[PDB]
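Down below is the structure, laid out as C-alpha cells.
Quick reminder, even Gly has a Cβ in these numbers, built from the backbone with ideal geometry, and neighbours come from all protein chains shown. What follows draws every value from the coordinates through simple rules; no lab data is involved.
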C-alpha cells in the first residue's frame, strides 16, 4: 500500500525527529509508464 | 490447512539507532535458521 | 482436549458444546500455547468465544510469547469479541513479551471502534512497548489522523 | 570414421580414484598392450 511506502524510514535526525519517505516524495499507484493513452469514441479507454 | 507460524518484526529505527545493517540481520536470521548455500567444494573428485 | 482446540478453530459451535458436556478442558493449549479461546478469537468465532467464557475458560490466558485472546481479537479487528472479552474481565492493559498491548495492535491496524472500546475500559494510552512506542506514536507514524486525535 | 584399423578406447575412473591413480592404471594398460605386438600396435594416450 501507498501508506506503507509512505512510512518507510529514511533517517532519524540528531534530535530524534524522523524523516519518512512521504516527507520527500509523493506516493501513489500509477502506471509503469505513462506513454500510452487510448480513447473509445472520444471517451477514456483501455484495451488489448 | 493453515498452520501456526512465527512472525518476527525487525524494528528499522532501533536497528538504525544501534547501527546494525538490515542485510546483516537478514543474512544472520536466514543463514542460521534456513541455511545458506555458500559455494562449492570438491569431494572425492566431484563438485558438491 | 485436542478435539476442542480443533472444533474451536473450525467454528463448530455444536461440537464445542458436546465436548463441553463431556468434560474437555476449556483451557487446553496447543504447541504455541493457544487455548480454544485464542483460536476462536483469532478466526473471529463469536458464538464460541461466549460459550467458552461461559464454561469458565481463562480470559487472560497467554501463549508462549505472552499474547492474550484480547490481543488477537483487537489485532484482527473483531469488535464484538473485544467487547465480550472485556466484559468477561479481560486485562485491557495486558502486555506480551514485547510489551505490546491490545491497544498498540488495534491502533496499528487502524481499528477505531475497537480502540474506543479499549479506552472505554481504561486502556493506558501512555503504555510503551519494548521500543518505547505508544498507540499515539503508532497512529502518527502510520499517518492515521482520525486515530491520532482520538488518542489525545 | 577415424580410418586406420583404429579403435578408440576410454579408460574411466569409476570410484574415487583421482588423476594420479588413473594415470598409473593407464600406464599399466599401455605396458601390457605393448607386450602383444602380434595383436595391438601403436597403443597410445590421445591426451597430454
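Being outside any helix (DSSP H, G or I) and within 14 Å of chain A (Cβ to nearest Cβ) is the filter; apply it to the range B:1-19 and report the residue that is farthest from residue A:7 (Cα to Cα).
Per the stated criteria, the residue is B:19.
Tell me which residues, restricted to the range C:131-152, are part of a helix (DSSP H, G or I) and touching a helix residue (DSSP H, G or I) at 6+ places or on another chain (Cβ under 6 Å). Spell out the reasoning first.
Step one: filter the range C:131-152 for residues part of a helix (DSSP H, G or I), giving C:135-141, C:145-150.
If the condition is that a residue be part of a helix (DSSP H, G or I) and touching a helix residue (DSSP H, G or I) at 6+ places or on another chain (Cβ under 6 Å), then C:135, C:138, C:139, C:140, C:147, C:148 are the ones that fit.
Give the residue, chosen from B:11, B:40, B:24, that is surrounded by 11 or more Cβ atoms within 10 Å (Cβ to Cβ) and out of contact with any helix residue (DSSP H, G or I) (no Cβ under 7 Å at 6 or more places or on another chain).
So the residue among B:11, B:40, B:24 that is surrounded by 11 or more Cβ atoms within 10 Å (Cβ to Cβ) and out of contact with any helix residue (DSSP H, G or I) (no Cβ under 7 Å at 6 or more places or on another chain) is B:11.
Identify all residues within the range A:2-46 that are away from chain B (no Cβ under 14 Å) and at positive phi; write none if there are none.
Selection gives A:41, A:42.
Among the residues of the range C:86-121, how many are away from chain B (no Cβ under 14 Å), touching a residue at least 12 places away in the same chain (Cβ under 8 Å) and assigned to a helix (DSSP H, G or I)?
Count: 13.
Can you pull out every residue in the range C:78-122 that is closer than 17 Å to residue C:152 by Cβ and in contact with a helix residue (DSSP H, G or I) (Cβ under 8 Å, 6 or more places away or on another chain)?
Passing the criteria: C:103, C:104, C:106, C:107, C:110, C:112, C:115, C:116, C:118, C:119.
If I go through the range C:1-44 residue by residue, how many of them are closer than 16 Å to residue B:1 by Cβ, within 14 Å of the chain's Cα centre (by Cα) and not in a helix (DSSP H, G or I)?
Qualifying residue count, the range C:1-44: 2.
Those residues that are within 14 Å of chain B (Cβ to nearest Cβ) and surrounded by fewer than 10 Cβ atoms within 10 Å (Cβ to Cβ), I need them from chain D; list them, please.
Hits for chain D are D:12, D:14, D:15, D:19, D:20.
May I ask you to list pairs of residues, at least six apart or on different chains, whose Cβ atoms are under 6 Å apart, with the first in the range C:19-42 being within 13 Å of another protein chain (Cβ to nearest Cβ) and the second being part of a loop (DSSP other than H, G, I, E, B) and surrounded by 17 or more Cβ atoms within 10 Å (Cβ to Cβ)?
If the second residue must be part of a loop (DSSP other than H, G, I, E, B) and surrounded by 17 or more Cβ atoms within 10 Å (Cβ to Cβ), the pairs left are C:29/C:35; C:32/C:63; C:33/C:63; C:34/C:63.
Tell me, yes or no, whether the range C:54-73 has at least one residue that is within 14 Å of chain B (Cβ to nearest Cβ) and assigned to a helix (DSSP H, G or I).
Yes, that holds for at least one residue.
I'd like the full set of residues that are farther than 21 Å from residue B:11 by Cα, crowded, with 18+ Cβ neighbours inside 10 Å and more than 14 Å from every other protein chain (Cβ to nearest Cβ), limited to the range C:122-152.
C:123, C:151, listed by residue number.
Taking residue B:1 and the conditions (1) surrounded by fewer than 10 Cβ atoms within 10 Å (Cβ to Cβ); (2) under 24 Å from residue C:133 (Cα atoms), which numbered condition does it fall short on, given that it satisfies the others?
Every condition holds for residue B:1 apart from (2).
Can you list residue pairs whose Cβ atoms sit under 8 Å apart, with the first residue in the range A:26-48 being touching a residue at least 12 places away in the same chain (Cβ under 8 Å) and the second being surrounded by 10 or more Cβ atoms within 10 Å (Cβ to Cβ)? Count only pairs 6 or more apart in sequence or on different chains.
From the range A:26-48, the pairs are A:27/A:2; A:27/A:5; A:27/A:6; A:27/A:21; A:28/A:2; A:29/A:2.
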